[PDB]
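You are given structure tokens for the same protein chain in two forms, set apart as structure 1 and structure 2.
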Structure 1
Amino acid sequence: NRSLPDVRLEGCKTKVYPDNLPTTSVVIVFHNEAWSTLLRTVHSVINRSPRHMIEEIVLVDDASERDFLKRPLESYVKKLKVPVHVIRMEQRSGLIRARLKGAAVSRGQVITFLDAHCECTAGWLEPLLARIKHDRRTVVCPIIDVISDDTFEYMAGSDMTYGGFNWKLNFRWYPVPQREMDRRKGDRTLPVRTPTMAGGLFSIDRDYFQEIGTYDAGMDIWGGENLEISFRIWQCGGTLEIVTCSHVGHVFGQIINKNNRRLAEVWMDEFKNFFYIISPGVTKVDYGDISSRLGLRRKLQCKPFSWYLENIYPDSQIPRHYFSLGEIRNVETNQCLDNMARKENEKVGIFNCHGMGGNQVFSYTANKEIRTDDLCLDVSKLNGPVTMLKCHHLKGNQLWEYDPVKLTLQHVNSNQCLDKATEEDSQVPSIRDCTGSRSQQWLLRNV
């Protein structure tokens, strides 16, 4: 234990929570974690938490190998305020397996999951439990602050950042949008409805966890965190929030795709194609049996992935409605726009349509944007270069009007059209005054 400053939002410091919040059993799994780091977490939990709110602390050793973790730990553990137990996985298991085990061992009404490398803030627990007490079907996440791995210095995380995800099914941090600000009328001290969760840290009602099917043990153990429990909670009646008054620190192929297929085949209905279409060959990855989970979904009678995009994640990166999902082919040159695997702020290229999806996959969305995953085609000056920028959902320079009859794609702000590449810059589309050539005619086809 060391100290920190109060990183909570001014208003949080005054809030009073009802009496008799439930008791929680923090569950932490570890693997060869350094001694100091592991105990800094343990101590932060006891010192920063009101004793009558903590049941016990369960430390799940995931088949470590380091000497100090064995008897010294147990020794050191049994001697202190809060009861701390040390469960041991016989032969390497994985986070899911370890959390499942340490959870079946806990006895608190609400289970809190943390990593072996975290540090709790002042006032972190009360707001979490208070939320769950208001509604048992609410899963809660504290704001995740940053601890350096080198210096270990502290940097608080913002209440204006929440969980989303991209076409590749990767979890990602995204800015809280207006709707969430309008809904809370500006009071940032009110919890945020996050479309997804980092998976790292969260608290949940003991009985609610079991009720929505805990975790999918069919996923391979070297996988890790997933969007899976996030889609599950929402589509199946629950509510997932980031309690902005709670802060907690954290120090910062085939396997990955197996879990993506498992969660995508089970929850994303037809939107799973956004992931498949841009990952040619991921279809050869064997993802195991999902019958059980498919059973669970029908048992709980969860709502469609579409219900989730329009109600819970309107500012999603995967479009709920789209005019096309495929290649954008120039009718004159028969070349296709393609991201060339480049990153945000980079020039979108153009090359002969190979007709094999992937990097030549684009979507002209209902929001009139020409996007590929989380990037959108952006123009800022006449004849300027058309680059791929992070999609802000505000149109403007990322607004393109398509004419399905005339086949044009004009950039609204500049008042020009898109056509074949010019010379000297032979490998990129261009934006020029609208002529009417077959060169400014594009075919937005659907796979």
Structure 2
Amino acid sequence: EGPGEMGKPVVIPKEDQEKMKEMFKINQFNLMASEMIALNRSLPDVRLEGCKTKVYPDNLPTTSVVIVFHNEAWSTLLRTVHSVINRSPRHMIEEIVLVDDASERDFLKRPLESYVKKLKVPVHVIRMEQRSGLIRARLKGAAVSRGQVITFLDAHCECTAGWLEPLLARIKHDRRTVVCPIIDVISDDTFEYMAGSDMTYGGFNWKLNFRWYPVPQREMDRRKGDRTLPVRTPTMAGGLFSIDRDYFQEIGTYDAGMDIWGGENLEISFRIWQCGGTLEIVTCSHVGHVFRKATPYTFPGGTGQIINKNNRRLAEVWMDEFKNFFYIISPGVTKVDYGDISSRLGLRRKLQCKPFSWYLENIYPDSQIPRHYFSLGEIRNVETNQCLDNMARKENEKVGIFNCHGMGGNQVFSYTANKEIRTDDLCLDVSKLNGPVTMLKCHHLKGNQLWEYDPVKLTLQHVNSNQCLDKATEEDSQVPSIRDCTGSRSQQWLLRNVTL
């Protein structure tokens, strides 16, 4: 009956709705509800039947949990620390390190210390006096920690039954394995607990956004169908993961030359894979996280700050030629000073890390960036001199045809080796004779996403419909058509490579 016990949603009665919304602005989640929920509330056991029978070796390495926070709410922070204390075998926890990144909250100062000193696990509170990024706060917290494994968690998380033993067992099996739990969803509206799927892992798109993506078939075949064995994830979300401390040091920790705007998750994923380690989602380990739609904090220095510094650093250090897929869709990013990456290039040199192509081929063959392609650039009609343009539209919407601006971005397409017409993680799709040319999630299963570009006839033939791409019609003038092939110059297209 207690609010939220067992992951139950907390619905606020309408009498209070208004006040709730105001309280909602502080953390960009329902604070009114979180404060009704017990700091030790019960949650469901969400592990796959088959993880519950697993017996893990003894002498597993103790872990230090590093939780960094900036203006976290009292209830969420304390629920996180209680969730790790109460749901972790006591002998497997060295300590909890709470890193206060220059928080401006009364309860996060002396009250936090008074409360935490009364816990049965040693919980330390380290203070960044200057607003520092998550990178810097985590480096501080790890430098202070003593446990052989370092577990990073956000300050609005809730561990579940049996979350820790799988991670520590995987690390003891191989110290060069970096492990992430399955990140369950804790509703920012009701704080309802919802389990995440073991069939979803981490990748990225041409924009260098971290993205959730379906676990592909090869990964089920490798495990011969056993979902309880860890998944090799191309990328990590970044909020939650564990790593042996000495190996964390050996791979170069985080890029200390990065600013506060994020990106380290992709950088460290690329670094771990290319430099000889393994990154895994441990499917028997679950930990919930309050995903939010926007951040509740600003970053120091106002707005309009130069962003994509860290994306440039990671791309220039690790991504090789493929960095272009980012640069070409981001007009102007090539003039942002990304500082000094010398130590990072030298680290790549020391460890003889493999090329990004090896990563795309072996770790992420289902990548959104194509490892091989026939063209990257604009798709121009011979007759009307216009270019296809995704118009920033989302899945299931029509691709447009407009005047070529030559600035790249939303008029960039790639005729890939899989013979897709792709723009980031969308592919041109036709599912009806004369139908509209829509943009759907690329599925790597050809079919209606299969096109033939004749390099001499310059025709773009949709294979399953057997119709050619053609200029817009009078009734739908801002959209290309697909029509029985005619040999016209309106059905010819230039798919050239744009360079620097």
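Sequence positions of structure 1, starting at 1, serve as the residue numbers. Between two forms, the rigid core is the largest collection of C-alphas that superpose within 1.5 Å.
With the rigid core aligned between structure 1 and structure 2, the listed residues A122, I277, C236, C353 include just one Cα displaced by at least 2 Å, namely that of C353. After superposing the rigid core, the Cα of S106 is displaced by less than 2 Å between structure 1 and structure 2.
With the core superposed, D315 shows a C-alpha displacement below 2 Å between structure 1 and structure 2. If you fit the rigid core between structure 1 and structure 2, you'll see the Cα of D220 move by less than 2 angstroms.
Relative displacement of the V428 Cα between structure 1 and structure 2 on rigid core alignment is 0.9 Å. With the core fitted, the CA of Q91 sits 1.1 Å away from its counterpart between structure 1 and structure 2.
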